[PDB]
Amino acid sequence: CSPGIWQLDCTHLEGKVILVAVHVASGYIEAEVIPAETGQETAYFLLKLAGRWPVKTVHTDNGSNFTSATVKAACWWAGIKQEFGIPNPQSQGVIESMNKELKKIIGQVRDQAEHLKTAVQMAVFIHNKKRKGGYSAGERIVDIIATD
């Protein structure tokens, strides 16, 4: 529920790496293709995310990816606290489901683009705008943040 919580995880496709951040309360996704799973790339991604949305806490399914000096520095600078492990019945499998949908969409649009990174961003667009009298992830995140 808390509006400041994001979960970050990397997945691999076509020998490339996709960093996926899910705003847990809304299902909204920010994703980028990165050359390798480095702390450098993770630190940079986090600084960008934090300058765009109010990020209070980051969760992950791989805690070791947040141990590098570069990543610690980014979270320190941006005022981000980390959770040890993952705390919540209301969000059970939400992050799993969102990554599943994103992967599924990427599959559906992949042949329209030359580059995986292009297909990923198309999939992000599609995901964030998809209506479930229901709302999209993009509409949900704005309402959650606006409500303060």
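Residue numbers run from 1 along the displayed sequence.
- According to the record, 1 to 3 deposited residues between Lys132 and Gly133 are left without atomic coordinates.
- According to the record, the deposited sequence contains 1 to 3 residues between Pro87 and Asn88 that were left without coordinates.
- Of the two stretches examined, 101-109 and 58-66, the record assigns the greater average C-alpha temperature factor to 101-109.
- Of the two segments, 114-122 and 92-100, the one listed with the higher mean B-factor is 92-100 (C-alpha atoms only).
- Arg140: CA B factor in the middle third of modelled residues in this chain (values from the PDB entry).
- Compared with the other modelled residues of the chain, the Cα B-factor recorded for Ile29 ranks in the lowest third.
- Sort the chain's modelled residues by C-alpha temperature factor and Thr42 lands in the lowest third, per the entry.
- In this PDB entry, the Cα temperature factor of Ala50 sits in the bottom third of its chain's modelled residues, the lowest group.
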